[PDB]
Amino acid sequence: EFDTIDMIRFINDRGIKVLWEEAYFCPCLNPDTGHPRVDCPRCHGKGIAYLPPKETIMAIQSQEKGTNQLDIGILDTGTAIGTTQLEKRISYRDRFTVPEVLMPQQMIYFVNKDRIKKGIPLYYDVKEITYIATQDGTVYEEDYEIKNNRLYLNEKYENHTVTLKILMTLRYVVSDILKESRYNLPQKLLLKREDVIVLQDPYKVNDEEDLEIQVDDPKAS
């Protein structure tokens, strides 16, 4: 139990405020295809849903003796190790939010009549639009809105391409539990940063495979 108290101290000394969302598989699936519902309000079409968030403190690291002090985030994009205490057993797929850290992302879409009507889901917890434009130039604020993490564009932008740069909250999902037998005892987790899991809606939809942008993207895979 001397190793436990050291770990609790580490969490307290180096931990940052996070939110924890308990995950489950969303039961909206289409029995015929196995696919989530496109516009499911629980999972937004991704097939994993979450229970209400709860606060905790979590130390996040990318290097430790267990990795030979190598940076696991360099070895594998978007990987980190989290250590936390919580009243409940943390599970695979659960999601952690670091409210005070804003991360960037860029995305681009062909705006059809459906996208005008239903809006374009962004999937992230969008906090700011840092840039937005079409081929015609800057999209002014009166011509769009962000609601329920969806981009709603003015109908004049039908059949245009919209490009977007955002700030969103830093989030991770649990890929694994570590040291499951060692040791509110500490729980140690392998984390995956959200931007390495989330796939933007496709550039253009086919009624047949959807069309992705034909652009060399240097973002690490």
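In this text, residue numbers run from 1 along the sequence as written.
Per the record, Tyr183 and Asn184 are separated by a gap of 10 or more residues from the deposited sequence that were not modelled.
Unmodelled stretch separating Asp207 from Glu208: 1 to 3 residues (count of deposited-sequence residues without coordinates). Higher mean CA B-factor, judged across 33-41 and 161-169 from the recorded values: 33-41. Comparing the deposited coordinates for 19-27 and 196-204, the stretch with the larger average C-alpha B-factor is 196-204.
Reading the B-factor column for the CA atoms of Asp143, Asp94, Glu100, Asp125 in the entry, the top value corresponds to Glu100.
Residue set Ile129, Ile108, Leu151, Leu86: peak C-alpha B-factor at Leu86 (per PDB entry). Ranked against the other modelled residues of its chain, the C-alpha B-factor of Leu75 as given in the entry falls in the highest third. In the PDB entry, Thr56 places in the middle third of its chain by CA B-factor. Per the deposited record, the Cα B-factor of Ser175 falls in the lowest third when ranked against the other modelled residues of its chain.
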